[PDB]
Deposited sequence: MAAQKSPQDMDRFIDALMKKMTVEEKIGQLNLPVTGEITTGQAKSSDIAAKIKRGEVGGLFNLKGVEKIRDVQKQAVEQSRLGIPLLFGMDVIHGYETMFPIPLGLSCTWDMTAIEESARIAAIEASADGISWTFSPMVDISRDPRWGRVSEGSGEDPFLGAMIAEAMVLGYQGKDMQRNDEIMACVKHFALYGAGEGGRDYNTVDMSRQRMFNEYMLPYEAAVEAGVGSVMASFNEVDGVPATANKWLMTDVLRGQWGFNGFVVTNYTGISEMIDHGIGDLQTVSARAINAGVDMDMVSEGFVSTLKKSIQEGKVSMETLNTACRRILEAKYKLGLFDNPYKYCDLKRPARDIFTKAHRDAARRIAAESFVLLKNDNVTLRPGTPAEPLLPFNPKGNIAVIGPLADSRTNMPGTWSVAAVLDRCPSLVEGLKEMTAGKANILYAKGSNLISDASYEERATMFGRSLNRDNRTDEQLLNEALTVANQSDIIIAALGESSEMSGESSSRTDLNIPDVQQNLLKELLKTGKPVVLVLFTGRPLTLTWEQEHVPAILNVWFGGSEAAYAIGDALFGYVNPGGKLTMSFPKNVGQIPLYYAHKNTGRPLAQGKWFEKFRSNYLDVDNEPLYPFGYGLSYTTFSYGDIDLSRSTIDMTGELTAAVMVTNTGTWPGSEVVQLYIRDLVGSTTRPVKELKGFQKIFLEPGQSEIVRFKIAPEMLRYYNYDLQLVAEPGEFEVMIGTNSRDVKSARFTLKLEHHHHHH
């Protein structure tokens, strides 16, 4: 019984020792001896960790063991795709598997706590942290949040390969103005609950052990001092029973935000419901003084302390402080063949085929797609992402061995050895400006830029291209053009690369764009002029091999976008689940004076939410509804037959949207409410069935009551958010 144990332990504790449980610092040995340390973060290596734990257990008065945290975001050493790429699998089993594998690996190396999952909704692709999330949609975001929490923690974190998760960043961090990381957030309460909050709630309701507070203000109060968020919503509305950790120096940053000095903002944080202080040392250096002056009560301190101690108890650390400190496990569990094969499979499943038009290859024959192709003849692999190992895994790969990942050229060479020649040319730098390239390739991602001019690089590339039968243009972002503090105001393939791509197309050889990116990009030029475009995001440590599997047809691409790809930055924010407005522009009517539309571009994204092609095609019959009417207690089934009408086996993500036609407040033109990923052989059919019940039709009204209102609903099922079949029913 935890409460009795913790009561007894807390009876023994000084105020200094209770305070110390709340400290999560970046000397360290001295602090641990005095009981001033509740946990540590991003310390790598089971041996170092076991040694630090030893100090806590046997050289501090009470022997209270430490939490050891790390950003295990999309892998420990075996790297899966960046989360945004992973989300395009639309495969909750695979997602859970990826998190399970990462937990196995991290736990083997001493880690008991991951700062994952990141579930921040964003509709702004300028923000570099879209790479860490799961796109623009709350329903899908919520499903993913559950899958990740369950993957990490399992049922109750009792196993030694199960770790504590931490949903971040609570809340609304993805709506930062201008898409500039850390910038002001502002929105209505109604928008919070209908459009942003569901994934945080899903994590809490799946039993996530911890929550991390965000860097942004909400309603003019930094999240870290926002009691409405950290107590009233998180505990009061959602029943959260864990603890809240700040983000990095989150407390001291409130001084810069402009709401007071260190003591004042520290007191406000703890009274808001913040439990653990990451790096600031505002809790450890000011809380006693605040308790003496009456600004923080002993009851508040004890609650904060108690939540930390309960997390430690739930992880099994009081039973065994060294639960995660098995020196034999690393060789057994970390970077194994089985894990790496899982990563390669999931990587290939994450890729989104954006375009694959018919091209005239053989004279006189019908035109045919470039993808897939048989590896033979001379295959050119050209561009600054063609031969970089360190840029393959993606940002947020802090425990990965970067220079162990095969480059694309390396991986394709292996897979084609004896069947084709792989011809390499760098082609261009990452971007024209050298200073930009440096900051874009921070944290060990250098492309070894030298004194060769753009013109020299280009000329070499065209020599190689003109000796080839097909060109793989490996282009796009470096991995650190996304992640934290990596906001962009332009979302093109960088200048020199796009010029390279233009020049490769002019050789007359077939060109496949293999696009590396951590975010949506503005690709109208590429969509017009490049025959085949495969978005590979950043596929992880096995990316090169997975890309080969797609290119050669060993895997039929089935990924679907989870974030809208705009035509230009001037359309931001562009998202599928938008209100109709009072003056909707009808389909095909652009431009029309006095409708909601721009002078210079239509309203549409280049690629909408849920978009993704396959080497086969799928046909949808009409929707069958089991009932035309249901009441508040009823239910119906929406059924559609899906038929593989092409020549390839493949998967299709069948997507369910609902539109509430009339509301007491304005309602989106559609919302994702379900999906099923199916696999079909050529010629084969499957009746896909969705359950629809009133609980699915609920939303937060004007007074923030979560209600389904009677009236008509339109059910939409299809291959993406744009191309759908339609039927209607009535809620009575």
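Residues of the deposited sequence lacking C-alpha coordinates, counted from 1, fall in the stretches 1-8, 35-46, 753-760.
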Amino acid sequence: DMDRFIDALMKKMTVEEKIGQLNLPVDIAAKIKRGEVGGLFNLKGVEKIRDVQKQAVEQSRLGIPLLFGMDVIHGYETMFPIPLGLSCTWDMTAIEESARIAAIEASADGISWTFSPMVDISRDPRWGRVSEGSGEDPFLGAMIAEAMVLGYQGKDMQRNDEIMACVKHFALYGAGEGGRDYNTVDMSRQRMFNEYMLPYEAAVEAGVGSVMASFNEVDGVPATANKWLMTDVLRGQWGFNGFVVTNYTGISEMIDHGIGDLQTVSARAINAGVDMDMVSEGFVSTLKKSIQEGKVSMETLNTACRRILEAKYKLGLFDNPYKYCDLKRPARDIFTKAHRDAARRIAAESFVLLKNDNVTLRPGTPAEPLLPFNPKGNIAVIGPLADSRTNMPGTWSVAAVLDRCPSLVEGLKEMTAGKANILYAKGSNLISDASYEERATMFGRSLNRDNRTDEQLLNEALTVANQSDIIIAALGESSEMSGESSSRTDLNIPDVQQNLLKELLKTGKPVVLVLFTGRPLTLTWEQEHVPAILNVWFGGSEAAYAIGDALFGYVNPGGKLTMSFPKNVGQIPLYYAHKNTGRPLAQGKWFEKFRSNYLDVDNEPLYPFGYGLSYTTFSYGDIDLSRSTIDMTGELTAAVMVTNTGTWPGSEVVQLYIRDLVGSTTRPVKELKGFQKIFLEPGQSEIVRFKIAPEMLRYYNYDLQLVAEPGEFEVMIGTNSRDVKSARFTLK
From here on, numbers count along this sequence of modelled residues.
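When the two stretches 369-377 and 218-226 are set side by side, the higher mean Cα temperature factor goes to 369-377. Relative to its counterpart among 31-39 and 659-667, 31-39 has the higher mean temperature factor, C-alpha atoms as listed in the PDB entry. The maximum CA B-factor among the listed residues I493, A145, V653, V284, taken from the PDB record, is found at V284. Per the deposited coordinates, the residue with the largest Cα temperature factor out of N429, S487, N356, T645 is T645. Ranked within its chain, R449 lands in the highest third, by CA B factor from the PDB record. Per the PDB record, residue ranking by Cα B-factor puts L672 in the lowest third of the chain. When all modelled residues of the chain are sorted by CA temperature factor, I334 is found within the highest third. Annotation for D602: C-alpha temperature factor in the lowest third relative to the rest of the modelled chain, per the entry. The entry lists a Cα temperature factor for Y620 that places it in the highest third of the chain's modelled residues.
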